[PDB]
Structures are given as C-alpha cells and as structure tokens.
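Single-structure report; data block below.
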Amino acid sequence: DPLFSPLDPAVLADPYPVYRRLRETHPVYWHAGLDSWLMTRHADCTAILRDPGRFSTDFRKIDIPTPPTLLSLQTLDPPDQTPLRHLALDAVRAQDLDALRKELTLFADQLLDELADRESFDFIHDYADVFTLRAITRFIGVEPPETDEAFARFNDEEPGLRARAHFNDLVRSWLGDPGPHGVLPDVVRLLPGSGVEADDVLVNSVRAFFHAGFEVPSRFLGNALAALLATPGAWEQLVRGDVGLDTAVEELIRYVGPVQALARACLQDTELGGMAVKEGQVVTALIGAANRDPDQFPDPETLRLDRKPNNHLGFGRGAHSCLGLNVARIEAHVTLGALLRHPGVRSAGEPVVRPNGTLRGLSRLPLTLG
Ligand code: HEM
Ligand SMILES: [Cl-]
Ligand SMILES: [Cl-]
Ligand SMILES: [Mg+2]
C-alpha cells in the first residue's frame, strides 16, 4: 500500500508520522490489503465504538463464523454480552485495589533492586513481563502452573487450538476449586443469579480476561519507558517533580498506548469522512492514531506530561471499554515511582520493536538503573 503498510519495518520503527500524514489526506481510508476502512480521527473512532447496533464486535452478523473457543465477552455484543459484561464488572469492582497497589509496590522494588546490580538488562523480559504476570495472577487469584510458570504456551492451527484447550482446562479447574481471593473466586460466588451460564463462553471469557490483563499492560509499560527515555527532558521532568504521575500516566497512554487498532463489522450503511461505508464491510478504529489527532489534542505529536484535558481513547469506549483500566493505572503508577527511586535510569542500547501493527510493543528495551 502506497499510503500505509502497518508491517513495513520503517513504519514499525515510528508509525506516528505515517499515521499523521494519512490522517491529513485520507482520515477515512479504504485499505485494500487489510480489506477494511481505516479511521484515524478521534471523532470517527469514538463514533465507531459507541454504536454497537451499527459497528459490532460479533463478526457472525456479517456471516463470518466464530471459532468455538473464541466466543466470549469480547466477541459478543449486547444483549448477548450484557450478563457476562456485568458479571465481570461486578467481580472486578469487588477487588481491593489499595491492597494490590501495596503488594505491587513491594514486587516492583524487589525486581528493580535485583536488576540494579546489572550493567544492562532487558526491561521487557526482566521487568514488564515479570511485573505484569505477577499482577494479573494475583488480581485473578490463580497460581502459575509449575510446568508453565510464565504461561508461555498461551502467549501465541492445531497447536493454537491445543493451547486454548489446555488453558480452558486450567480455568475449569480454577472455577471448581477457587482460591481465597481474586476476580475468579468472586466470579464463582457471583455466578448464581448472574444470568450467565458456567459454559464455554464463560471459560473463554476468563481466558480473554487473562490475556487482556497480561500482554496489553506489559506492552504499555515498555512503550511508556521507551517514550520517556527517547523524549529529551521527559525523564528529568519526572525526576525533578515538575509533573504529577497521575497526569503523566494518562499522557503516556495517549502518546504510546499499545492498542493500535480496534476492528468492527459495519451492520448499517454509514458515511464517515465523506466515505460510503457499507453493511458487511469491516472498519478499523486506529485509536493509536486517533490519540494523536490534532482536532482533539493540541500539539498532538509532542509528549506533554502535564496535558489537561486529555480525552484519550487508550482504554476504549462504550460497551467493550476496558474493565482493568484502574489496575493498568496502578501498574504504571507503581512502575514509574519505583524507577524514580533509582538515580540513573538510562537506555543502554537500541530498542527492538515487535513486528505487530495491532498491539504495538517492544521485544527488547536495553536499560540500566545506575
Ligand atoms: C495499559 C493497559 C491496558 C490498556 C491500554 C487496555 C486497553 C483496552 C482497550 C482499548 C480495550 C477495548 C477493546 C475493544 O474495544 O475491543 C480493552 C478491553 C478490555 N480490557 Fe483492557 N487495557 C489494559 C489493561 C487491562 C487489564 C490489566 C485488564 C484486566 C485486569 C484489562 C481487561 C480488559 C477487558 C476484560 C476488556 C474487554 C471488555 C469487553 O470486551 O467487554 N485491561 N482494554
Ligand atoms: Cl512494601
Ligand atoms: Cl450516513
Ligand atoms: Mg514523533
């Protein structure tokens, strides 16, 4: 594609200038390769996410079958998704976030204090993945299986179907013998009377919940630090106390939030950006691009850690909006405060970007804490 190739190495290195220039000329662009419309403006993406009867997550409504092991909260739309959405909401909001902050603060300090002895380490492998895996396991209330303590088989065909079937077996065992605390034990207690059947959709939803709370936050933590180190003065601003962590975390989500694209199936003919989107077509909300839309954010390509207001789309919108956003904020807030407790945070090599145009993240972030 002459205007946007998500996986072109030069694009992956810095996709935002490409996003910007696509937005300036074709804010609603039909991409033949991806076979989808590409919306790069905040207003269009917002409208795509807030009309489920017009833009659905259930691609069966345009007659594309859903694999049985992937029918879940994420691939259902109201009213089918409603009971599961509320059950998951109820289970999450029963969790003690203050207790989670306190124990994550401990873990972060332990990890970094051990890594402080290295001359150079990979922040992704040694912190982001380890930190976020501990957080999601504790939050859900399950223990890593001794034979796959990192859940590596499920990080992602028959192998694929076998991994998801194995994970579903673990979930059913968890549901049958819940631990003393966490989202999953609360789901079990809340399930009777929820309008949700303990069936494959529930099991699949627990699997999706785990992935939503593992790979996405891990990728964000890496992206955020990389942006702080690559933006002159950004880290020093934090070290000096010039900006508050709360606003800085929200600006980092807008600036380099990992979710780049949210696909929806068009169920009704709609005109967007002067383009005739037709029923049966796929639309992709490039929320990574929308979060740098100059119509919504002044100086959008500039990292302003004190930015206010900041109506970013990094946590989605509407019926499928993120349910773990307060956990994600605690994780980022804890990580930054823990890093700030070290006097020499600096890069120690070039970052390496994952070849992913949908969920942006780094595979290596060489770093040293001094
Ligand atoms: C920086 C971290 C995170 C970011 C940027 C993020 C972002 C998002 C976004 C954009 C969506 C919307 C997906 C869509 O509309 O299709 C979403 C959905 C979701 N997120 Fe997060 N998320 C993060 C962390 C978490 C964590 C830690 C959890 C679990 C505790 C979580 C649980 C979920 C769930 C369950 C959904 C699906 C809601 C539904 O489909 O009804 N997220 N997230
Ligand atoms: Cl402590
Ligand atoms: Cl219209
Ligand atoms: Mg730039």
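We count ligands from 1, going down the list as the structure has it; atoms in each ligand are counted the same way. Starting from 1, each residue takes its place in the sequence as its number.
The protein non-hydrogen atom at the shortest distance from atom 12 (C) of ligand 1 is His320 O, 3.3 Å. Closest to atom 7 (C) of ligand 1 among all protein heavy atoms lies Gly314 O, 3.3 Å.
The pair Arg21-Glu24 does not meet the salt-bridge criterion, since no charged nitrogen lies less than 4.0 angstrom from a carboxylate oxygen. With respect to the salt-bridge test (charged N to carboxylate O, under 4.0 angstrom), the residues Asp295 and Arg41 do not qualify. Contact check on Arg292 versus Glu301 returns a salt bridge, with a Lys/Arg side-chain nitrogen under 4.0 Å from an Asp/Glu carboxylate oxygen. Between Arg134 and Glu103 there is no salt bridge, since no side-chain nitrogen of the basic residue lies less than 4.0 Å from a carboxylate oxygen of the acidic one.
Within the 4.0 Å heavy-atom cutoff, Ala319 counts among the residues contacting ligand 1. For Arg329, the heavy-atom gap to ligand 1 stays at 4.0 angstrom or more.
Polar contact check, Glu331 against ligand 1: no nitrogen or oxygen pair lies under 3.5 Å apart. The N/O atoms of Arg85, backbone and side chain alike, include one that comes under 3.5 Å of an N/O atom in ligand 1.
Here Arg264 has side-chain heavy atoms under 4.0 Å from ligand 1, and that is the only part of it that gets that close. Under 4.0 Å from ligand 1, not a single heavy atom of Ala332 appears. Counting heavy atoms under 4.0 Å from ligand 1, residue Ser321 touches it through the backbone alone.
In this pair, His31 and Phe4 present their aromatic rings perpendicular. The plane angle is above 60°, beyond the 30 to 60° band. Using cut-offs of 30° and 60° for the angle between ring planes, the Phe151 and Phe167 rings count as tilted. Classified by interplanar angle (parallel below 30°, tilted 30° to 60°, perpendicular above 60°), the ring pair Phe123/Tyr127 is parallel.
Cluster membership check: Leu359 does not share its hydrophobic cluster with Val353, using side-chain heavy-atom separations under 4.5 Å among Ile, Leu, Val, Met, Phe, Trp and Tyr.
Residues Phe154 and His211 keep their aromatic ring centres 6.0 Å or farther apart.
For ligand 1, the atoms lying closer than 4.0 Å to a non-hydrogen atom of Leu262 are 13 (C), 14 (C), 15 (O), 16 (O). For ligand 1, the atoms closer than 4.0 angstrom to any heavy atom of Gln81 are 41 (O). Near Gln74, meaning under 4.0 Å from any of its heavy atoms, are these atoms of ligand 1: 40 (O).
Taking every heavy atom of both residues into account, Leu313 and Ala290 meet most closely at CD1-CB, 4.0 Å.
Inside a sphere of radius 2.8 Å centred on atom 21 (Fe) of ligand 1, the protein N/O/S atoms present are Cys322 SG.
Within the 4.5 Å cutoff, the side chain of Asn356 has heavy atoms near those of the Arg219 side chain.
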Result block: side-chain N/O donor-acceptor pairs under 3.5 angstrom for residues 261-277, not counting sequence neighbours:
residue: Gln268; atom: OE1; partner: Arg54; partner atom: NH2; Å: 3.1
residue: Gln268; atom: NE2; partner: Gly53; partner atom: O; Å: 3.3
residue: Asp269; atom: OD1; partner: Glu279; partner atom: N; Å: 2.9
residue: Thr270; atom: OG1; partner: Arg54; partner atom: NH1; Å: 3.0
residue: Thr270; atom: OG1; partner: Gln268; partner atom: O; Å: 2.9

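Among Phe220, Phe139, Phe209, the residue whose heavy atom lies nearest to atom 1 (C) of ligand 1 is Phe220.
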